[PDB]
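>>> got a structure for you, letters missing:
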Ligand SMILES: O=C(O)CCCC[C@@H]1SC[C@@H]2NC(=O)N[C@@H]21
Ligand SMILES: O=C(O)CCCC[C@@H]1SC[C@@H]2NC(=O)N[C@@H]21
């Protein structure tokens, strides 16, 4: 009934009134590339850094099965596909979404969406949680709160899937193109604190050709942060 | 993100841009009760009389997985649940559909929908094909042709799933109720011909408690037509 016109992402869509986690279902089940798993609510939503993700009714909670298997080097860029897709959709609704390296989208420094990519071999699961009309925790915001009015959840879904399909098809061809899009939509030029094995502060200058965050410490030392067990905090 | 509020039918929905047959997929895949399989188009759609069923873009092509298992002979009643559900949905859109025993819905004697039930395995698959905005064969009709305007396919889907869930939940408790609903919406009191071996003609009087079509031949003989391979023609 949906009439999706995408090439890969959205070939099939599995909808649930309720699910434990779309990412877990997608990782576990035998699914074709491009299949989207979406649920009205998640009872056990998962975030990055082993944090839980509140997923009440009203938000967009989905996961997409991908099997890019490009050069091992240009693979860790899948997270950016999700973040950029969300930013483009937000702009379509006139909301100023900006990317917080490596996987968050903020509006006025408040979290409106998060991306969780999980991969085991050939299969890559791209999870995206976007606050639309749902209530949110402190430190977060939603499309409804930003616009001051309810937004048709299905319209957001259609827009996002369309953007993601386009970004993904181009990523298979030109893997580095996404980096330019991230750079143009990422919060940079401000001081940040990097939390990992210890911590350090500096100016988030840009992302390099591998998607690493480039930080300039006050001493002038340049650090390159790799996506992984590391978090970013704005000062 | 569809936000369905049904109890059983529609707890999960699997959408396909293209599929061979929603009934075939439902039969050969492990799916929980209430799962709805829907596709924009079918490349190998089929009907009751082991015939082909045109399933172009624009129509509503779906299958529902059921596992009622009421006393075992309220089986032909499942087909009736599908037919009545369609009739109720059509009424919501200002269209008067009537049932042609045992699985077709006609509008002014032109076919607008067909129901195909298959109990293969121990699961029962309820398939429904409804002409909405798609081109239709000569002699048939569609919601678009009846209303003179395009009808939002998802609105039809939501309406039908809602009606079917209600009808099914009641069927599980009061299996006999569907019979009077069928009788009140079925084409009766007209002459028909039963094709095939031992063909005969008569007046279609009503359906009995087993869902059999009761025919009064001109001789006064009363025959009971069982639901299955049977082919009926209006005279
Ligand atoms: O910002 C983060 O830390 C990532 C959050 C990712 C949330 C989404 S909701 C859809 C998918 N299913 C999950 O359990 N998590 C992701
Ligand atoms: O009128 C008939 O003889 C029954 C037609 C049933 C058509 C539907 S379309 C959804 C489902 N998938 C199929 O292949 N057939 C049924």
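Structure's in. What do you need? Numbering: from 1, shown residues only, chains lettered A, B, ... in the order given. Ligands and ions are numbered 1, 2, ... in the order given.
>>> Report the distance from the one helix or strand residue A:65 maps to to the chain centre.
Following DSSP states H and E, one finds residue A:65 within strand A:60-66. In this view, strand A:60-66 has its centroid 10 Å away from the chain centroid, taken as CA atoms, centre = their mean, to the nearest Å.
>>> Show me the strands paired with that strand, marking each as parallel or antiparallel.
Here strand A:60-66 has these sheet partners by DSSP bridges: strand A:36-39 (antiparallel), strand A:123-130 (antiparallel).
>>> which of those strands is buried the deepest?
strand A:36-39 (a mean of 26; mean count of other CB atoms under 10 Å in any protein chain shown). Any C-beta I mention is one placed from the backbone N, CA and C, and that applies to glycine too.
>>> That strand and ligand 1 in contact?
No: counting by CB under 6 Å from any ligand atom, no contacts exist between strand A:36-39 and ligand 1, the nearest distance being 8.0 Å.
>>> So what touches that strand?
A:9-10, A:12-19, A:22, A:25-26, A:31, A:55, A:60-65, A:157, A:161, B:1 (CB atoms under 8 Å, 6 or more residues apart in numbering or on different chains).
>>> Determine the set of other helices and strands touching the longest helix along chain A.
Ranked by residue count and defined by DSSP state H, the top helix of chain A is helix A:153-173. When contacts are defined as 3 or more CB pairs under 8 Å, 6 or more residues apart in numbering or on different chains; DSSP states H and E, helix A:153-173 packs onto strand A:60-66, helix A:78-92, strand A:123-130, helix A:177-185.
>>> rerun that using 7 Å as the cut-off
strand A:60-66, helix A:78-92, helix A:177-185 (3 or more CB pairs under 7 Å, 6 or more residues apart in numbering or on different chains; DSSP states H and E).
>>> If you tally nearby residues, what's the number for residue A:103?
Other residues lying near residue A:103 total 22 when counted by other CB atoms under 10 Å in any protein chain shown.
>>> so it makes contact with residue A:81?
No: when contacts are counted by CB atoms under 7 Å, residue A:103 is not listed as touching residue A:81 (11.0 Å).
>>> ok, back up a step: and ligand 2, which of the helices and strands packed on helix A:153-173 is closest to it?
strand A:60-66 (24.6 Å; CB to the nearest ligand atom).
>>> before we move on, the earlier item: and the contacts of the longest helix of chain A?
A:4, A:6-10, A:36, A:38, A:60, A:64, A:68, A:70, A:81, A:84-86, A:88-89, A:92, A:132-133, A:177-178, B:1, B:3 (CB atoms under 7 Å, 6 or more residues apart in numbering or on different chains).
>>> are any of those residues buried, and which?
For the contacts of helix A:153-173, a neighbour count by 16 or more other CB atoms under 10 Å in any protein chain shown gives the buried set as A:4, A:6, A:8-10, A:36, A:38, A:60, A:64, A:68, A:81, A:84-86, A:88-89, A:132-133, A:178, B:1.
>>> quick revisit: check the contacts of strand A:36-39 for burial and list the buried ones.
Of the contacts of strand A:36-39, these count as buried by 16+ other CB under 10 Å: A:9-10, A:12-17, A:19, A:22, A:25-26, A:31, A:55, A:60-65, A:157, A:161, B:1.
>>> give the contact list for residue A:104.
A:111, A:114.
>>> how close does it get to residue A:186?
10 Å (CB to CB, to the nearest Å).
>>> How much space separates whichever residue of chain A sits closest to ligand 2 from residue B:159?
At 11.9 Å from ligand 2, residue A:1 is the closest residue in chain A, using CB to the nearest ligand atom. As judged by CB to CB, residue A:1 and residue B:159 stand 11 Å apart.
>>> now swap in residue A:23 and tell me
Residue A:23 is 32 Å from residue B:159, where distance means CB to CB.
>>> So if I had to pick from those two, which one is more boxed in?
More crowded of residue A:23 and residue B:159, by other CB under 10 Å: residue A:23, with 28 against 18.
>>> And what about the more buried one, helix, strand or coil?
The three-state assignment at residue A:23 reads helix, by DSSP: H, G, I helix; E, B strand; the rest coil.
>>> Could you find the closest non-adjacent residue to it?
Excluding the flanking residues, the one nearest residue A:23 by CB to CB, 6 or more residues apart in numbering or on different chains is residue A:127, at 4.1 Å.
>>> Could you break chain A into its assigned domains?
According to curated CATH domains, chain A comprises the domains A:2-187, A:188-235.
>>> Would you mind saying which of those lies nearest residue B:232?
Taking CB to CB, domain A:2-187 is the member of the domains of chain A nearest to residue B:232, at 34.2 Å.
>>> Run the chain-centre distance for that closest one.
The answer for domain A:2-187 is 5 Å, by CA atoms, centre = their mean.
>>> tell me how far the ends of it are from each other?
35 Å (CA to CA, to the nearest Å).
>>> Check stretch A:92-110 too.
19 Å.
>>> Show me which positions of it end up buried.
A:95, A:97, A:98, A:99, A:100, A:101, A:102, A:103, A:104, A:105, A:106, A:107.
>>> Please apply the same query to stretch A:134-152.
A:134, A:136, A:140, A:141, A:142, A:143, A:144, A:145, A:146, A:151.
>>> give the contact list for the residue nearest to the first one when sequence neighbours are not counted.
Right, the one you point to is residue A:134. Nearest residue to residue A:134 in three dimensions, chain neighbours excluded: residue A:58, at 3.1 Å (CB to CB, 6+ apart). Shown in contact with residue A:58 (CB under 7 Å, 6+ apart): A:132, A:133, A:134.
>>> Looking at those, which is nearest chain B?
Chain B lies nearest to residue A:132 out of the contacts of residue A:58, by CB to the nearest CB, at 8.5 Å.
>>> Assign a three-state SS to residue A:193, would you?
Under three-state DSSP, residue A:193 comes out as strand.
>>> about what we covered before: export the helices and strands packed on helix A:153-173 to CSV and tack on distance to residue A:165?
Compiled in CSV, the helices and strands packed on helix A:153-173 are given as follows (distance: least, CB to CB, whole Å):
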stretch, distance to residue A:165
strand A:60-66, 9
helix A:78-92, 9
helix A:177-185, 14
